[PDB]
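Working notes, beginning with the structure itself.
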There are 2 protein chains.
Amino acid sequence: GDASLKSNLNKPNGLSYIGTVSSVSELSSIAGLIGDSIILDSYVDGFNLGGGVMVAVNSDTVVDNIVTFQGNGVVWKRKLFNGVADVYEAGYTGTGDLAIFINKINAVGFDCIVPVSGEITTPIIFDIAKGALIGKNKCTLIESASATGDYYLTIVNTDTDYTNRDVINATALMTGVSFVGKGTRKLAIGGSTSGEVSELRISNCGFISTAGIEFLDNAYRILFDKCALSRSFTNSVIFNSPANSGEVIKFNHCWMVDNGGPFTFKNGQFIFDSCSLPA
Amino acid sequence: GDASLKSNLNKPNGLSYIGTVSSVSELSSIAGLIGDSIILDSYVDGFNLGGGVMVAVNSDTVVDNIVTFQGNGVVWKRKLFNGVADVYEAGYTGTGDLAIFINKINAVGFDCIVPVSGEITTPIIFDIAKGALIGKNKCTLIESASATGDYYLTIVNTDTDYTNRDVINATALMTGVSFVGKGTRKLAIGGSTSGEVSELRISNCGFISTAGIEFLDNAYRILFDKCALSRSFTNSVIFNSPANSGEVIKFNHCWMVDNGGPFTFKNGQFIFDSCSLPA
């Protein structure tokens with residue numbers, strides 16, 4: 001009856017009488033009119049992570065599976081999105097490969113916020129033309145035993161245009177992330193097919209027990225702003241005179257101890273400022 | 001019937017059966033009791049931006065059109081506002097003059113978060129006594145062709161009190177914004193009527209194709225922390241010996257290339273640290 005329904009809705013738990021969408025996978029079958037608002041419990045069923053109020057927009061809306069999602073005759077967009085994308089909104093559940101969701105957010109064109117620690121397996125591709133990489137809550141990325149390849153993280157710039165270079169690189173930022181490797185995989189900066197990776201601030205980051213940092217082509221004027229590069233295996237820094245690379249590479253207040261591999265500076269221009277090494 | 005209504009509310013899209021307020025303009029005519037909660041779809045009708053759950057507060061509450069909004073016999077306040085104001089919450093719809101909403105948020109006294117790129121036309125007045133200016137997601141502000149005046153951004157401090165100077169200037173911050181001018185307008189720091197603009201960190205910012213950076217009265221110890229100042233027209237930096245200005249002005253890891261105007265240092269004390277120029 002109406003009296004029971006009205007009374008149930010007015011109870012302190014009255015919201016529990018409104019239906020919800022359990023997951024993003026279910027969202028693809030939910031139809032609606034433009035402007036309809038629905039409750040999304042979670043990205044993945046039962047995890048209570050990455051949900052929110054969704055609103056129906058035109059079916060031609062670009063779907064990024066972070067803010068906008070496929071619907072049945074519409075697209076569902078986060079109604080109250082503040083512009084800041086985190087890995088929970090991209091589908092991370094607290095287990096599995098965190099690198100998948102770091103790659104996904106950056107590939108869409110948002111800053112990637114990682115407010116959680118976890119394990120990484122697939123190599124990370126961090127494109128400074130598409131956003132920043134921001135760790136929070138002591139963000140620690142621990143490489144899994146099964147992780148393969150020569151690189152756990154490669155920093156690129158898919159923008160090869162001159163006009164956009166200064167615009168893109170001025171804001172380039174990676175901050176607040178500690179990587180715990182197993183001594184087999186490196187961090188790469190640049191690439192022969194990459195645009196110029198320059199004016200990148202890498203601040204408050206740890207690179208512990210990795211296989212080193214390797215500079216590729218088109219990588220210069222990188223600013224390591226208070227970072228740790230310690231306990232490295234086989235190599236610490238690799239600069240094997242790559243083309244269009246090496247100008248004013250600066251380590252500011254960096255802590256580099258207990259490493260098990262050389263700093264190979266074949267050409268290039270390197271600045272250590274208030275650093276400590278090697279212990 | 002009652003069973004149809006109850007089951008519709010319990011459907012996965014059950015929230016769509018709850019009414020909503022379409023815009024802030026409509027919100028002005030919405031009445032309610034103190035504590036009533038309503039759904040705001042958007043600041044401007046149909047854009048799905050800047051909405052949220054609103055709660056009715058006392059009718060004498062100060063309305064700032066960011067957190068609090070006028071109602072019919074009450075004031076509507078953002079129920080879940082966390083203190084962080086973005087341009088969407090101030091009325092930005094994805095097009096138009098972003099400078100209007102930067103000015104509005106700063107004038108009220110919040111940090112202004114700009115998680116989007118767009119155009120600027122009206123001159124920005126950035127008061128460091130009121131909050132910071134923070135760009136996200138490769139924030140790029142492109143000056144419109146119709147923008148007039150000599151300045152696109154002026155950085156001031158309306159607090160002229162000595163006691164508050166150190167308190168205010170310690171946290172002064174502008175970060176993460178690339179300004180792309182058309183060669184006609186400058187950036188001004190200070191002013192004869194301004195309080196002392198000092199200890200300001202300008203980090204990860206771009207000043208590209210502008211008419212230069214001009215120091216006015218009461219501007220000193222500015223820290224340009226990894227910025228681009230490139231492709232300038234007519235002037236790059238103007239320091240025409242202004243009064244109470246010039247102490248330890250530092251460019252840290254700055255990219256200053258392809259400029260078309262001089263760095264005029266008539267008096268003053270300037271520090272270039274790990275900069276590159278002029279190409």
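Ligands are numbered from 1 in the order shown, chains are lettered A, B, ... in the order of the structure tokens, and residues start at 1 in each chain.
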Run DSSP on the backbone of this structure and report the residues of segment 7-52 of chain B it assigns to helix (DSSP H, G or I), as a CSV table (one decimal) with N, CA and C atoms, in the first residue's frame.
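Listed below is the output, selection.csv:
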chain,number,residue,atom,x,y,z
B,7,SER,N,7.7,-1.1,-7.5
B,7,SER,CA,8.7,-1.9,-8.3
B,7,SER,C,9.5,-1.0,-9.2
B,8,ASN,N,8.9,0.1,-9.7
B,8,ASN,CA,9.6,1.1,-10.5
B,8,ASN,C,10.7,1.7,-9.7
B,9,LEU,N,10.4,2.1,-8.4
B,9,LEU,CA,11.5,2.6,-7.5
B,9,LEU,C,12.6,1.6,-7.2
B,10,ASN,N,12.2,0.4,-7.3
B,10,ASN,CA,13.2,-0.7,-7.0
B,10,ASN,C,13.9,-1.2,-8.2
B,14,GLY,N,15.9,3.1,-10.6
B,14,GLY,CA,14.8,3.6,-9.8
B,14,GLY,C,15.0,5.1,-9.4
B,15,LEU,N,16.2,5.6,-9.4
B,15,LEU,CA,16.4,7.0,-9.0
B,15,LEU,C,15.8,7.9,-10.0
B,16,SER,N,15.6,7.5,-11.2
B,16,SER,CA,15.1,8.4,-12.2
B,16,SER,C,13.6,8.8,-12.0
B,17,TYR,N,13.0,8.1,-11.0
B,17,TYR,CA,11.6,8.5,-10.6
B,17,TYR,C,11.6,9.5,-9.5
B,24,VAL,N,20.7,26.2,-11.3
B,24,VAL,CA,20.7,27.2,-10.3
B,24,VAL,C,19.6,28.3,-10.4
B,25,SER,N,19.3,28.7,-11.7
B,25,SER,CA,18.3,29.6,-11.9
B,25,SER,C,16.9,29.1,-11.4
B,26,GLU,N,16.6,27.9,-11.7
B,26,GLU,CA,15.4,27.3,-11.2
B,26,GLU,C,15.4,27.2,-9.7
B,27,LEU,N,16.6,26.9,-9.1
B,27,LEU,CA,16.8,26.7,-7.7
B,27,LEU,C,16.3,27.9,-6.9
Using only C-alpha atoms, determine which residues of chain A fall within 6 Å of chain B; present them as a list in words. residues 18, 19, 20, 21, 36, 37, 38, 83, 110, 111, 131, 167, 170 and 171 of chain A
What's the 7 Å shell around residue 249 of chain B, counting only C-alpha atoms, without same-chain residues fewer than 2 positions away, as a list in words? residues 220, 221, 222, 223, 246, 247, 251, 269, 270 and 271 of chain B
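Counting from atom CA of residue 213 of chain A, the distance to atom CA of residue 199 of chain A is 16.8 Å.
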From the DSSP assignment of the backbone, select every residue of segment 106-152 of chain A that is strand (DSSP E), and format the answer as a ChimeraX atom specification. /A:112-114,118-120,124-127,133-135,140-143,151-152
Skipping near chain neighbours, those fewer than 6 positions away, what residues fall within 8 Å of residue 106 of chain B using only C-alpha atoms, listed as an MDAnalysis selection string? chainID B and resid 112 126:127 130:132
Kindly save the residues from that selection, with N, CA and C atoms included, as an mmCIF file, in the first residue's frame.
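As a result, result10.cif now contains:
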data_model
loop_
_atom_site.group_PDB
_atom_site.id
_atom_site.type_symbol
_atom_site.label_atom_id
_atom_site.label_comp_id
_atom_site.auth_asym_id
_atom_site.auth_seq_id
_atom_site.Cartn_x
_atom_site.Cartn_y
_atom_site.Cartn_z
ATOM 1 N N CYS B 112 41.195 27.930 -6.553
ATOM 2 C CA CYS B 112 40.475 27.759 -7.809
ATOM 3 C C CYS B 112 41.107 26.602 -8.569
ATOM 4 N N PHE B 126 44.242 37.610 -9.933
ATOM 5 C CA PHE B 126 44.567 36.507 -9.035
ATOM 6 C C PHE B 126 45.103 37.084 -7.729
ATOM 7 N N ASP B 127 44.293 37.007 -6.679
ATOM 8 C CA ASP B 127 44.633 37.539 -5.364
ATOM 9 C C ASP B 127 45.163 36.393 -4.508
ATOM 10 N N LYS B 130 43.513 35.234 -1.213
ATOM 11 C CA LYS B 130 42.238 34.531 -1.240
ATOM 12 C C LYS B 130 42.367 33.040 -1.517
ATOM 13 N N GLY B 131 43.402 32.614 -2.223
ATOM 14 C CA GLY B 131 43.570 31.207 -2.519
ATOM 15 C C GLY B 131 44.567 30.999 -3.637
ATOM 16 N N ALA B 132 44.792 29.725 -3.940
ATOM 17 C CA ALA B 132 45.710 29.323 -4.991
ATOM 18 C C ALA B 132 44.975 29.164 -6.321
#
Spatial neighbours of residue 266 of chain A, max dist 6 Å, only C-alpha atoms, sep filter under 5 positions, as a PyMOL selection string: chain A and resi 239-241
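In this model, the gap between atom CA of residue 238 of chain B and atom CA of residue 264 of chain B comes to 5.2 Å.
One distance worth recording is that between atom CA of residue 216 of chain A and atom CA of residue 243 of chain A, which is 7.7 Å.
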Surrounding residues of residue 191 of chain A excluding itself and chain neighbours under 5 positions, 8 Å, only C-alpha atoms, as a PDB file with C-alpha atoms, in the first residue's frame:
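File written: selection_18.pdb
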ATOM      1  CA  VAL A 156      56.767   9.099 -23.716  1.00  0.00           C
ATOM      2  CA  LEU A 216      66.368   7.023 -24.727  1.00  0.00           C
ATOM      3  CA  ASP A 217      66.190   9.444 -27.652  1.00  0.00           C
ATOM      4  CA  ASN A 218      64.423  12.798 -27.270  1.00  0.00           C
ATOM      5  CA  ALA A 219      64.742  12.948 -23.458  1.00  0.00           C
TER       6      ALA A 219
END
